[PDB]
Amino acid sequence: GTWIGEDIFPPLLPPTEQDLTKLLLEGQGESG
Amino acid sequence: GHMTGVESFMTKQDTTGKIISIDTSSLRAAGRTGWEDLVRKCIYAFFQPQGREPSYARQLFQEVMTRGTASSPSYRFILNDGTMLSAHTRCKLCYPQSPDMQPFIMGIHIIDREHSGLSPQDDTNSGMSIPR
């Protein structure tokens with residue numbers, strides 16, 4: 001079978017703004 | 001065009017079409033701050049709905065999902081500094097063979113500056129406390 005075939009959602013909804021800043025920072029753990 | 005450049009970034013989407021992470025290691029080599037601003041702006045336009053039509057990201061999604069590869073046109077946007085620059089995005093389906101994970105969509109974003117705007121301003125730091 002194929003996931004992306006319809007697992008990526010046909011609507012395709014973009015992020016908000018907190019997901020980009022988080023994924024942009026990177027670090028895995030957050031010192032503190 | 002060509003293989004000359006560096007200002008760019010990539011994105012990683014899971015089998016849910018959601019963003020799992022972003023790779024901007026390239027932008028770090030540019031030595032030019034504001035990468036986050038350019039990354040968000042470019043991504044905002046790429047995922048922006050074309051009027052009555054669906055966003056570009058959607059078009060590349062169905063194309064990369066039905067063909068395995070897609071690329072959007074060159075869009076223009078204004079940075080926080082009023083700088084007008086254009087960029088493009090491409091989606092590439094990738095499925096894990098070794099690891100027991102699910103396939104993800106890799107979205108590469110290339111930056112394209114219309115006019116020359118990279119003067120020798122490599123002098124943001126200098127002090128800190130008391131150097132030699």
# chains A, B, ... in the order shown; residues from 1 in each chain; ligands from 1
$ interface_residues --of "chain B" --to "chain A" --cutoff "7 Å" --atoms "only C-alpha atoms" --output "PDB file with N, CA and C atoms, in the first residue's frame"
ATOM      1  N   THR B  15       4.232  11.121   7.186  1.00  0.00           N
ATOM      2  CA  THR B  15       3.199  10.515   6.356  1.00  0.00           C
ATOM      3  C   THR B  15       1.862  11.224   6.540  1.00  0.00           C
ATOM      4  N   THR B  16       1.828  12.190   7.453  1.00  0.00           N
ATOM      5  CA  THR B  16       0.611  12.944   7.724  1.00  0.00           C
ATOM      6  C   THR B  16       0.640  14.302   7.033  1.00  0.00           C
ATOM      7  N   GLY B  17       1.681  14.536   6.241  1.00  0.00           N
ATOM      8  CA  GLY B  17       1.805  15.799   5.534  1.00  0.00           C
ATOM      9  C   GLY B  17       2.165  16.946   6.457  1.00  0.00           C
ATOM     10  N   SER B  21      10.288  18.650  10.984  1.00  0.00           N
ATOM     11  CA  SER B  21      11.498  19.422  11.237  1.00  0.00           C
ATOM     12  C   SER B  21      11.956  20.146   9.974  1.00  0.00           C
ATOM     13  N   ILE B  22      12.937  21.028  10.126  1.00  0.00           N
ATOM     14  CA  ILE B  22      13.467  21.785   8.999  1.00  0.00           C
ATOM     15  C   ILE B  22      14.989  21.851   9.047  1.00  0.00           C
ATOM     16  N   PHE B  47       3.101  27.988   1.099  1.00  0.00           N
ATOM     17  CA  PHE B  47       1.892  27.361   1.618  1.00  0.00           C
ATOM     18  C   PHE B  47       0.697  28.303   1.506  1.00  0.00           C
ATOM     19  N   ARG B  58       0.269  22.528  -1.955  1.00  0.00           N
ATOM     20  CA  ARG B  58      -0.708  21.492  -2.268  1.00  0.00           C
ATOM     21  C   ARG B  58      -0.464  20.919  -3.661  1.00  0.00           C
ATOM     22  N   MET B  65       3.385  13.175  -4.792  1.00  0.00           N
ATOM     23  CA  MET B  65       2.754  11.979  -4.247  1.00  0.00           C
ATOM     24  C   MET B  65       2.287  11.052  -5.365  1.00  0.00           C
TER      25      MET B  65
END
$ closest_residue --among "B:57, B:20, B:79, B:118" --to "residue B:40" --atoms "only C-alpha atoms"
B:79
$ residues_around --residues "stretch 29-35 of chain B" --least-positions-apart "5" --cutoff "10 Å" --atoms "only C-alpha atoms" --output "tab-separated table (two decimals) with C-alpha atoms, in the first residue's frame"
chain	number	residue	atom	x	y	z
A	24	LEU	CA	14.06	26.26	13.43
B	5	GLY	CA	25.03	29.31	-4.01
B	6	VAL	CA	24.30	28.42	-0.39
B	7	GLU	CA	21.31	30.43	0.82
B	8	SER	CA	18.67	27.70	1.05
B	9	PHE	CA	16.88	25.25	3.34
B	24	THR	CA	18.65	25.20	7.46
B	40	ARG	CA	9.27	31.75	7.45
B	41	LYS	CA	8.43	34.28	4.74
B	79	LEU	CA	11.60	40.74	4.12
B	80	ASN	CA	11.41	42.69	7.37
B	81	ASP	CA	14.04	44.99	5.85
B	118	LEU	CA	25.51	41.04	-0.27
B	121	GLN	CA	29.35	43.74	6.25
B	122	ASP	CA	30.98	40.83	8.08
B	124	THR	CA	28.72	42.25	13.79
$ atom_distance --atom1 "atom CA of residue B:74" --atom2 "atom CA of residue B:36"
19.3 Å
$ atom_distance --atom1 "atom CA of residue A:28" --atom2 "atom CA of residue B:111"
27.1 Å
$ atom_distance --atom1 "atom CA of residue B:85" --atom2 "atom CA of residue B:10"
17.6 Å
